[PDB]
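Reading the structure
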Amino acid sequence: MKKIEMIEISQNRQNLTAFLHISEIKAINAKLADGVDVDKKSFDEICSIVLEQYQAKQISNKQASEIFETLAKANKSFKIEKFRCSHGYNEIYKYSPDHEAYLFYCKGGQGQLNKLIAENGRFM
Amino acid sequence: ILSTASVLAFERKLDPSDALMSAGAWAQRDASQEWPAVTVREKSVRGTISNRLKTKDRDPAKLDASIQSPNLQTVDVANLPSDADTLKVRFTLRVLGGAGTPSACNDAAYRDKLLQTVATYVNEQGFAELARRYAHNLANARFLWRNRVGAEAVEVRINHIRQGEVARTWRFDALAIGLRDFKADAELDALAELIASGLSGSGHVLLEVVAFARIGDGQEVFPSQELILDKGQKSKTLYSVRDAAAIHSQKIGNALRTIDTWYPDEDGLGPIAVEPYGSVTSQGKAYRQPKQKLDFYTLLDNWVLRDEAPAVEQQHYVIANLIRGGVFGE
Amino acid sequence: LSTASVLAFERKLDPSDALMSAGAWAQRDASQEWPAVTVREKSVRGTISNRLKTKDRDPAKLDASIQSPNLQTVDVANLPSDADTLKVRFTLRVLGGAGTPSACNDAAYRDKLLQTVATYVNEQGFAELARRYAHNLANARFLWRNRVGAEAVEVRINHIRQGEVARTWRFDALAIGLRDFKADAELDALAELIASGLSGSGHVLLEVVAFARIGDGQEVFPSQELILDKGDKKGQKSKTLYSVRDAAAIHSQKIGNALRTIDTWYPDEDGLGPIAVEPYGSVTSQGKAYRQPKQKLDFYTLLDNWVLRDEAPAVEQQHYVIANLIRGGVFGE
Amino acid sequence: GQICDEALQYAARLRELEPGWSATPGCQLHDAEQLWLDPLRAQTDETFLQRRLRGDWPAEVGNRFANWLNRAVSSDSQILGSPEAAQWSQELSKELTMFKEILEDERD
RNA sequence: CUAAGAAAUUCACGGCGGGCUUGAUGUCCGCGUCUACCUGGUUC
């Protein structure tokens, strides 16, 4: 796993507490350092600790890949993105929470999508 | 050096129309040409609060103060008459042919190899496998989505029109033919060969499809419903053509291409509509995942670019969503 | 194993809109060409009787209210002056396939739900729900305010196989109660028929006619439409009635609410009588909710107990879950 | 309190400024605003024209304005379940309570 | 007994020649609107 996929898998999910079975808790504890510990924790802080350990030249890439694989199996809820681009047909749709669907917003591609993402924010 | 073009588009084959609904009596379905139409009316509806409320705010005060609030809704409803018990649904369908040729392309080598691949497919095996499944989805009444469930009898009449006159008639019994199997009859194979000749450019076919369903006197039919953008305010509206309830053409086109049973998840669930990353909207999930190698966008450019032809049952899927149309590429 | 984010259940036992007509008794066996009742217009001058703020000082708000003329225009449905009965006719069909959802996300959740309903049908039949549905058909409870004060009402039920009549049932709806669910010697045949329809072994189409002897020119009560403010002082500004293209009629959801008044297993009282099957089973004419989540007899809580963690509830109230899965609706988060 | 006065001045200068007021589109429905924020009698003043809006009770307009004001001030179980939504409704009630006395001294 | 007291902006004018916007699509599930009434306004 690349580190770009690590920050991607850290930011696109919700923050959940008690989302792990105890077997996966000791499985993750077998794959982390000696000093730090996670118990009764939420998602973000775990992402911050493993990102700080991977920023350090102390934790390997296969081990952080096992950590992020386990976080990938565990978390099942995603954040709904605010904008969605239909790519061949050159259209941009915006999420409306009252219709529970995406309604038509404008015409454009990837540059216009990045522009409204930088102007309004990526997630809901 | 060989790669996928930037813009690549395909027009659709099997263009259907809308299906207008009409109402009459059974055993007068032979003279079913002056029957009146099923109209859309409106009515009012109120009801209690019955959704799963959040447990962070669940007290008897809110649950007894939410009852007295008055909820008034205006809905669109379409029924049968009180003296008629048969719903008639009629549309037309024409298949075109020329399926492997794009409508727009950028590379000059990519289209000359795509045409060669599709012509090699047609030379190895005709359109005789896809056409019997399309004729199967016409033979039963899968285009009646919710009007088919619980009906007493369904009957389908298919005419082939080659002038201002009919040339060949078919009659089927849509409940004897299942929604699960694809078995071959002798009367179904004539229609399969007809729409196989239409898909190959070797003729011009135009079919007129009528379906009769017996549900009961004054019962409720289910046309297609529209989208409303926004105290008695309307919350549901139904699609209509001039003074008549109708079904959209894309819904019948979706009910026609429920073809593929080669997806790796199951085969007892039954057929699925041909889509890339083959996905059912009512089920919520997506078969044919890109982590597996049974996509359209993986089998297509393994077949064309790297000359790795897939299995014979998986070439029908690629040809089926080339017949479907759309914009591929980048 | 969690619950599915979407869950939709289609409706079984769907009726039509009941149409109304008028004739005479000792001619009700030839009641196929009876003229249908029309919605007529009349005027009403309104006298103020509303509870104002108590201890009002002046007669400038009360004796001046009389000199201000109120003008109302109302819709009314009346019997003719040579007819003394009311015929209400509708049809009904029961489908089957009750525990199968129309739409759900989770694939491992419906694998639990379908086998839960499967072992329910294997243990107990559909007969207990079916005999009370047949009881509500047998009394004229779908006549809401036309049933009161009537000297004699009766119910005909025809089972329709093709364009013909397969079986006829004739009842007396005042000889059987609106309060008790007790066994009969002919109603059990209707119960077995609609239970076979509910279980999937065949299709069932019933036609229900109800005659009510009221009086020579009385007033009947069809459904009432939600009126908009696009009318003048005259032009149905006060009360409009539902009429399907020819004649006055009752909505289909009113008869559907009158047919699922089946449950008597709510712990409020043992003498209050049956109510309609709802989640947080409530009454609108009474204003009171029952089956709150403070208690544990609420549909969502015991459904999640039964399906997820195998807490099989009491058998006498296990019919409540199937009775509001037959009803259909939008469940899930 | 400022939003009430802007609507009062807009009703006083908008309909009162233009010297014309014809029949509204859909007079069975467009007559509440045409009666409340409408001018006096004109050349088309019939028999039941100068004896309808000046003789009738001009007190439904306050509840009609409160029904418009209820949409702007959002209410739900987050405010109605708390004790601040009650004061937020009582402030609008004390504001619209003068809407029938200050907005009802013209005809009656 | 007023940041008081005072004042002509004018004459003329050619916007214009060309053009392929396209290709696909499942809006779905459920519902109790009830109770009352003298127009003997002056429908001039």
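Method of structure determination, per the deposited record: cryo-EM was used for this entry, reaching 3.1 Å resolution.

Each helix and strand counted, chain A has 5 helices and 3 strands in total. For chain A, the N- to C-terminal ordering of α and β elements is α-α-α-α-β-β-β-α. For chain A, whose C-alpha radius of gyration is 18 Å, the value lies well above the compact-globule estimate of 14 Å for 124 residues. Once the C-alpha set of chain A is aligned to its principal axes, its extents read approximately 55 × 30 × 25 Å. Relative to all contacts within chain A whose residues are 6 or more apart in sequence, the contacts with residues 24 or more apart total 51%.

With a centroid separation of 5.7 Å and an interplanar angle of 40°, the aromatic rings of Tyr280 of chain C and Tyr300 of chain C are classed as tilted. Placement of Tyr280 of chain C in the loop between β16 (275-276) and α5 (299-307) and of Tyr300 of chain C in helix α5 is noted, with a sequence separation of 20 residues between them. Summarising the aromatic geometry, the rings of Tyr300 of chain C and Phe331 of chain C are spaced 6.2 Å apart at their centres and angled 80° between planes, so their arrangement reads as edge-to-face. You can see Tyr300 of chain C sitting in helix α5 and its partner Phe331 of chain C sitting in strand β17 (residues 329-331), a full 31 residues away along the chain. Three or more aromatic residues link up through ring pairs in this structure, and these residues are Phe10, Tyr277, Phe296, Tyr297 and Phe328 of chain B.

Let us now look at the interface of chain C and chain B. Opposite the 45 residues of chain C that make contact, chain B presents 34 residues. Secondary structure elements with two or more residues in the side of chain C that touches chain B: β6 (85-94), β7 (103-104), β12 (224-225), α4 (252-259) and α5 of chain C. Per-element accounting of the side of chain C that touches chain B gives the leading share, 4 residues, to β6 of chain C. A per-class count over the side of chain C that touches chain B returns 15 nonpolar, 17 polar and 13 charged.

A word on the sheet that holds strand β3 (residues 101-107) of chain A. All names here are of chain A. Here we have 3 strands laid out as an open sheet, ordered β1-β2-β3, and antiparallel in their pairing. Edge positions in the sheet fall to β1 (83-86) and β3, since each has one partner strand and no second. Adjacent strand axes in the sheet meet at a mean angle of 35°, parallel and antiparallel pairs treated alike. Relative to β3, strand β2 (residues 91-96) is paired through 6 bridges, and the arrangement is antiparallel. The partner of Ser96 across the bridge, within β3, is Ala101. Helix α5 (residues 110-120) rests against β1, β2 and β3 of the sheet, and its axis sits at about 175° to β1.

The next point concerns unusual backbone geometry. Residues and elements named next belong to chain C. One non-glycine residue, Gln236, lies in the positive phi region at around 60°. On the secondary structure map, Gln236 appears in the loop between β12 and β13 (240-241). Here the phi dihedral of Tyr280 falls at roughly 50°; this positive angle occurs in a residue that is not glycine.

This next bit is on the arrangement of the chains. Most contacts, among the 4 pairs of chains that meet, fall between chains B and C. There is a gap between chain A and chain C: no contact, and a shortest C-alpha distance of 11 Å. When C-alpha atoms are compared, chain A and chain D, though not in contact, are closest at a spacing of 16 Å.

Backbone hydrogen bonds are what pair the strands of a sheet, in a parallel or an antiparallel way. With respect to topology, 3 strands assemble into an open sheet ordered β4-β5-β11 (chain C), the strand pairing being antiparallel. Two strands lie at the open edges of the sheet, namely β4 (39-44) and β11 (219-220) of chain C, each paired on one side alone.

It is worth spelling out the pattern of salt bridges at this point. The closest approach of N and O atoms between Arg122 of chain A and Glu81 of chain A, which form a salt bridge, is 3.7 Å. Here the residue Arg122 of chain A occupies a position in the segment after α5, and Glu81 of chain A occupies one in the loop between α4 (61-74) and β1, the gap between them amounting to 41 residues. Across the pair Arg29 of chain B and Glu155 of chain B runs a salt bridge whose closest N-O atoms are separated by 2.4 Å. Of this pair, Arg29 of chain B sits in the loop between β3 (19-24) and β4 (41-45) while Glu155 of chain B is found in strand β7 (residues 153-161), placing the two residues 126 residues apart along the sequence. One salt-bridge network, in which partners are shared between bridges, spans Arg29, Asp30, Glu155, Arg157 and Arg171 of chain B.

With respect to the helices and strands, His251 of chain C occurs in the loop between β14 (249-250) and α4. Within the structure, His251 of chain C has its side chain in polar contact with the side chain of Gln253 of chain C (distance 3.2 Å). Residue contacts for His251 of chain C: discarding those within four places in its chain leaves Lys43 and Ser44 of chain B together with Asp17, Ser223, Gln224, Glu225 and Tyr242 of chain C.

All names here are of chain C. According to the domain assignment, chain C contains domain 1 (1-10 + 98-125 + 262-333) and domain 2 (11-97 + 126-261). Taking only C-alpha atoms, the centre of domain 1 and the centre of domain 2 are 29 Å apart. Of all the elements in the fold, those that place two or more residues in the side of domain 1 that touches domain 2 are α1 (107-123), β15 (261-263), β16 and α6 (319-326). Among the elements that line the side of domain 1 that touches domain 2, the one with the most residues is α6, at 4 residues. The class makeup of the residues in the side of domain 1 that touches domain 2 is 14 nonpolar, 8 polar and 3 charged.

This paragraph deals with the packing of helix α3 (residues 128-139) of chain B against helix α7 (residues 312-324) of chain B. How two helices pack is summed up by the angle between their axes together with the distance between the axes. All names here are of chain B. The interhelical angle for the contact between α3 and α7, taken along N-to-C directions, is 65°, at an axis separation of 10 Å. Our pair here, α3 against α7, has a crossing hand that is right-handed. Side by side, α3 and α7 meet where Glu129, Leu130 and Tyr134 of the first sit next to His316, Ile319, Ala320 and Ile323 of the second. Counted by class, the contact of α3 with α7 contains 5 nonpolar, 1 polar and 1 charged residues.

Calculation notes
Throughout, a per-chain count from 1 in the order the sequence is written supplies the residue numbers; the entry may number residues differently, and those without coordinates are omitted. Chains and ligands are labelled by the order in which they are written, letters from A for the one and numbers from 1 for the other. What is displayed is a subset of a larger assembly, so the values quoted cover only the displayed chains. In computing side-chain values, all of the structure's heavy atoms are included and hydrogens and water are not. Residues with missing side-chain atoms are left out of burial classes, side-chain pairs and their counts. Every helix listed is a DSSP run of H or I at least four residues long, and every strand listed is a run of E at least two residues long, numbered separately from the N terminus. For the radius of gyration, the atom set is restricted to C-alpha positions; the globular benchmark scales as 2.2 Å times the number of residues to the power 0.38. Two residues qualify as a contact provided that any one of their heavy atoms is within 4.5 Å of a heavy atom in the partner residue. Put simply, two rings from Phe, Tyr or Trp (the six-membered ring, in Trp's case) pair if the centres are within 6.5 Å, and we call them stacked under 30 degrees between planes, edge-to-face over 60, tilted for the rest. Three classes are used: nonpolar for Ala, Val, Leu, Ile, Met, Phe, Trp, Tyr, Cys and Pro, charged for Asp, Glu, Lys and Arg, and polar for all others, with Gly counted as polar. When DSSP finds two or more bridges between a pair of strands, those strands are recorded as paired. Where helices are involved, their axes are fitted lines through C-alpha atoms of the stretch in contact, as for all axes, and angles between N-to-C directions lie from 0 to 180°. The term salt bridge refers to a pairing of a side-chain nitrogen on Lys or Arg with a carboxyl oxygen on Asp or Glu at a separation within 4 Å. Residues adjacent in sequence count toward polar contacts only when both atoms are side-chain atoms; beyond that, a polar contact is any pair of N or O atoms within 3.5 Å, and within protein one must be able to donate a hydrogen and the other to accept it. Where each domain starts and ends comes from a domain assignment, either automatic or drawn from a database. For any helix crossing, the convention is left-handed if the near helix is rotated counterclockwise from the far helix by under a right angle, and right-handed if that rotation is clockwise.

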